[PDB]
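Derivation of every value follows stated rules applied to the coordinates shown; laboratory data play no part. Positions of Cβ are generated from backbone atoms using ideal geometry, with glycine treated the same way; all protein chains shown enter the neighbour counts.
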Ligand SMILES: *[C@@H]1O[C@H](CO)[C@@H](O[C@@H]2O[C@H](CO)[C@@H](O)[C@H](O)[C@H]2NC(C)=O)[C@H](O)[C@H]1NC(C)=O
Ligand SMILES: *[C@@H]1O[C@H](CO)[C@@H](O[C@@H]2O[C@H](CO)[C@@H](O)[C@H](O)[C@H]2NC(C)=O)[C@H](O)[C@H]1NC(C)=O
Ligand SMILES: *[C@@H]1O[C@H](CO)[C@@H](O)[C@H](O)[C@H]1NC(C)=O
Ligand SMILES: *[C@@H]1O[C@H](CO)[C@@H](O)[C@H](O)[C@H]1NC(C)=O
Ligand SMILES: *[C@@H]1O[C@H](CO)[C@@H](O)[C@H](O)[C@H]1NC(C)=O
Ligand SMILES: *[C@@H]1O[C@H](CO)[C@@H](O)[C@H](O)[C@H]1NC(C)=O
């Protein structure tokens, strides 16, 4: 075995789902009953970039697909982007730290700090269609922590 | 005169360019019961200060000019205070018989517009994921009449609070809808109000800290004496014995862990032994204490003799070791 | 011009209330590039001639979206936006279905909102953005099965001027259908805008602190070059979830440092074994040799509730 990954679906604090629309972007909006399985499903896998009881390093990318999200500086400011990958190599441990996150999970609610940029988190606006993005502000106007449901 | 040294370590700190309201210490010479302070005996309350200097001075207050230091009722009143006010202060009581003076260093603190300051901030525990909690602007009391309606805004960092995802300003109170770890940080309310044709500021800041719910306050859980890991040691193996214990969070919680040779703080007969004591805290402030035992050669009696790890915190717990 | 694609969120609204189809993924109200605006018009799949204009006086086009107040049953259909930069052009469709305002049709309009039980949680009224561009902060009224929730109610708190309904401490009986109801105010017309929320409860997940069970200093050895190894962890109850059995000498990492291929650890074993219990096991194997003849080795088990470790003695 390479890396024990797992499929799941995240959904944020205000109940918004997580559907793709790019693949140059992701969005977080309310899915009607009859549209629920539009929401992307994630392949989360443990990379083990740095040990800590608090942080569990995890790289996650979209399953049945080749995308994996990673942080990069679009003009010296952290930006969330979807980089494609060789389906041959991945999933893999010790993954490039652009692709690495460390989930801070507490009582079933979990945040995702960036390894590349500490104190920068996967976030979402409270508006509806606005995209998922890397965020520098925690506990502000943008939603940082989500809740995941495992899937099959 | 009955005289108490200044409250050196019980110090006061005040923001510049905005009203203070200092009280004279009556926790010494207690004197407050069944209708507060007694001026009836005719014990005049005298004020006077000295500044960072070498001399005492009568306190000018009437032509300040704006009664800027007028004491309205058995207590001092700066509207507004000024950096030059820093220094030690004194109040005393006079009866033809009675005298009593005491001092307290008043350090005036400059303020950044981002609320940066040397001022000590009060930590304010807040239970995690509770339904809804809130915080009131700390020390607004008595600064202004019920008649006037104040404007009052809040700020996390220099970040003003508006459209926050789970925090909401509600007049004097700040409400946290589902207190998450994301909510840690220094907060600061800033209340404005008009008085005699002027706007005074009151900025005060406290740091919110999210902690474990009482919803999950539970007796300590013993981990190490699990028995699935069996501690057997043939004669003279320098055996070690760790006792890791998880504590749920409570405020008046005195977490205690101790080994029990059989009920008397070890070291019976020779029995040379010593404890190593580690500790860890969750982000939530959930302690997890640990203890261990360095050991010499194992005397024949040790194995068949039982000893046990212990812990208690508003609840009590116990676990049996194995050899 | 190109057809870019179908808009993911179809919209099953109710009859007799407003609707707003914003051109899919074309605008986001990000109207920075809007000076001399781009040509824009909608049209039905079957009905093309529309401006889209208006059947009666119902339909029109606000900033980037056409409305249907009231939206009528039969208005159901598919629509396509249009965009024109002489340098470009494309289109996208929003599906739409209007139902009758019968209680019977509710389960089809429902938004699934989830909350784990024995905790506080929040229900947000969905799809209200286009109409919430006013400062009378959201005058919504939450009903539960035709039961209006007043501040007198202790179980549910309606957040003042917001879309959130605070469930203070959710219980099994709290599952079911709810209703957002935004009273609108356009041109002086006051209209209801309903939203069916359906709450699903979930049980908080098991997560136990495991113990390790292979602490013995390698009792055996001889240089047979075959190295057997198990790190047995005890899960009180089956919860191989975030649980992770990472093997590292201590510093080495057992991978991309200690091996050029020399040493690695293959598959894993979630035994289950004894009925009630559940257990997991790794296997670091020096497939053909163990030569250096010295190493600190450490079994790392790690999940959200504990970072644990283990080391062992010299061997034979
Ligand atoms: C208020 O009183 C305190 C204590 O009397 C003063 O601090 C003293 O200052 C001298 C000269 O710098 C130091 O050598 C002493 O050690 C201090 N006393 C003590 C007990 O530490 C201080 O000057 C006064 N505060 C102000 C603002 O003047
Ligand atoms: C919230 O306030 C606390 C206390 O004022 C800040 O913690 C201080 O941070 C500095 C580092 O910049 C430490 O050297 C000090 O020891 C801390 N003060 C004390 C006494 O705890 C903290 O920086 C503030 N939080 C944030 C995120 O800005
Ligand atoms: C405050 O202190 C300065 C510096 O000694 C002094 O010059 C000034 O007179 C003081 N301010 C007032 C209002 O007297
Ligand atoms: C002055 O004050 C003291 C303190 O209570 C009191 O004992 C004494 O009687 C007073 N002298 C009078 C009566 O003026
Ligand atoms: C459309 O045309 C304008 C004007 O030439 C140009 O600035 C713009 O980049 C074009 N649109 C896009 C997205 O390229
Ligand atoms: C809005 O909803 C309420 C409650 O169901 C109802 O009484 C009222 O008739 C509705 N308003 C309009 C404009 O029909």
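Couple of notes before you dig in:
- Sequence of C:3, C:285, A:112 once ranked by neighbouring C-beta atoms within 10 Å, starting from the fewest: C:3, C:285, A:112
- Residue-normalised convex hull volume from the C-alpha trace of the range C:144-209: 128 Å³ per residue.
- Residues in the range B:79-113 reached by a label modelled at residue B:2 [backbone nitrogen below 12 Å; 7 Å Cα→Cβ]: B:93-95, B:97-102
- For the range A:56-112, the relative contact order is 38 percent, taking Cα pairs closer than 8 Å that sit 6 or more residues apart in sequence and dividing their mean separation by the residue count.
- Put in line by how crowded their Cβ is, counting other Cβ atoms within 10 Å and starting with the fewest, A:74, C:203 read C:203, A:74.
- Here the label points at residue A:1 and residue B:12, each 7 Å from Cα along the C-beta direction, are separated by 6.6 nm in the simple model.
- Whole-number Å³ per residue for the convex hull built on Cα positions in the range C:207-316: 105
- Projecting label points 7 angstrom from Cα along Cα→Cβ for residue C:200 and residue B:195 puts them 5.8 nm apart.
- Kirkwood hydrodynamic radius (C-alpha pairs) into Stokes-Einstein, the range B:142-275, 37 °C and 0.692 mPa s, D in µm²/s: 157
- Relative contact order of the range B:134-221, pairs being alpha-carbon contacts under 8 Å that are 6 or more residues apart, as %: 29
- Span from the the range B:207-277 Cα centroid across to the the range B:2-52 one, whole angstrom: 48
- Over chain C: helical MRE at 222 nm, DSSP H runs n ≥ 4 each giving -39500 (n - 2.57), nearest 500: 0 deg cm²/dmol
- Note on the range B:1-112: the C-alpha convex hull projects to 8.1 nm² when averaged across all orientations.
- With a simple spin-label model that places each label point 7 Å from the Cα along the Cα-to-Cβ direction, the separation between residue C:31 and residue B:230 comes to 7.8 nm.
- Principal axis dimensions, the range C:1-99 - Cα atoms, whole angstrom, descending: 40, 25, 24
- Legend: ranking of residues C:181, B:208 from fewest to most surrounding C-beta atoms inside 10 Å; resulting order C:181, B:208.
- Computed E for residue B:54/residue B:252 - FRET, C-beta separation, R0 60 angstrom, nearest 0.05: 0.85
- Computed E for residue A:98/residue C:135 - FRET, C-beta separation, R0 51 angstrom, nearest 0.05: 0.75
- Backbone N under 17 Å from the residue C:289 label point (7 Å along Cα→Cβ), restricted to the range C:245-264: C:258-264
- Extent of the range A:1-81 along its three principal axes (Cα atoms, max minus min coordinate, largest first): 41, 37, 26 Å.
- Rg followed by Dmax, in Å, when the range B:215-323 is reduced to its Cα trace: 14.9, 47
- Zone of residue B:121's modelled label, taken as backbone nitrogen in the range B:139-161 under 14 Å from a point 7 Å along Cα→Cβ: B:154-161
- Efficiency of FRET from Cβ geometry, residue B:26 and residue B:70, R₀ 22 Å, rounded to 0.05: 0.65
- Reciprocal mean inverse distance between Cα atoms of chain C - Kirkwood radius, Å: 25.5
- Averaging the sequence gap over all C-alpha pairs within less than 8 Å and six or more residues apart, then dividing by the number of residues, gives chain B a relative contact order of 14 percent.
- By the Kirkwood approach, averaging reciprocal distances over each pair of separate Cα atoms, the protein assembly as shown gets a hydrodynamic radius of 32.2 Å.
- Spatial extent of chain B: Rg and Dmax, with the Cα atoms as the point set, Å: 28.7, 89
- Of the three principal axes defined by the Cα atoms of chain A, the extents in descending order read 38, 35, 32 Å.
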